[PDB]
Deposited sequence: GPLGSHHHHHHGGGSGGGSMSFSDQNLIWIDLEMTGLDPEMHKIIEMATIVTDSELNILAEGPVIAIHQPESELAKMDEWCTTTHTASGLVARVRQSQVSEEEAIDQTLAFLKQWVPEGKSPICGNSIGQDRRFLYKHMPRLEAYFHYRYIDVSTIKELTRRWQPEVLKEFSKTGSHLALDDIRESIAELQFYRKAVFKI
């Protein structure tokens, strides 16, 4: 697969092995026409203990952009309250990047943590397009919790039943809890 010449102050808990967890909410699935409307980050250590919780940011977008949400997006993000927070927000993407980067720099250096979460491949696509300065803060690797879920569904479906918002803070916290479950129930550590 991919190959390149580069691919071949803060906390007393600062570590190259800390993990950056991120979730985004968007107006749709296509980075070329859709926009980021919410972001949240959390830092754990390599053992998934939460060290710090980043800013939860609703990113302002005009109605012309909200009018691109399909029916499921519109219904979901309106009912959750996210649309109202987006309309009220005075935070641009660039300000959201600045705030998030300023947060992460106290916990892990640039380029060291994989990107972690659920549906993290799709989220990274929107980082590349709309927030490349923040995308660049991650190591090239991914920790896709959804990969573990799908293999467990296929191979150990009864185990998956043991574990039970489209708001970014809830989704990222749930992803950590879900990986914590897999570590115990699937990996058996």
Practice task
Quickly check which stretches of the deposited sequence aren't in the model, judged by C-alpha, and list them in order.
Solution key: 9-16, 173-175
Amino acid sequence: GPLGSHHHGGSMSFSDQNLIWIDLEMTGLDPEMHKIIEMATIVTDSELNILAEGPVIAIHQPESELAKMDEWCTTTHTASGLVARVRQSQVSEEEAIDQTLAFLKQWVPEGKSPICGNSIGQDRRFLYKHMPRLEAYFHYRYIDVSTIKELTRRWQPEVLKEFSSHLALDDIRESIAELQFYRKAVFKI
From here on, numbers count along this sequence of modelled residues.
Exercise for the section: Averaging only over Cα atoms, indicate whether 127-135 or 155-163 has the higher B-factor in the PDB entry. Expected result: 155-163
Problem - Of 38-46 and 66-74, the stretch whose C-alpha atoms average the higher B-factor in the entry - result: 66-74
Handout entry: Of the residues 80, 113, 100, 106, the one carrying the largest Cα B-factor as recorded
Key = 80
Exercise for the section: Could you say which of 52, 56, 148, 29 has its CA atom at the highest B factor, as listed in the PDB entry? Expected result: 29
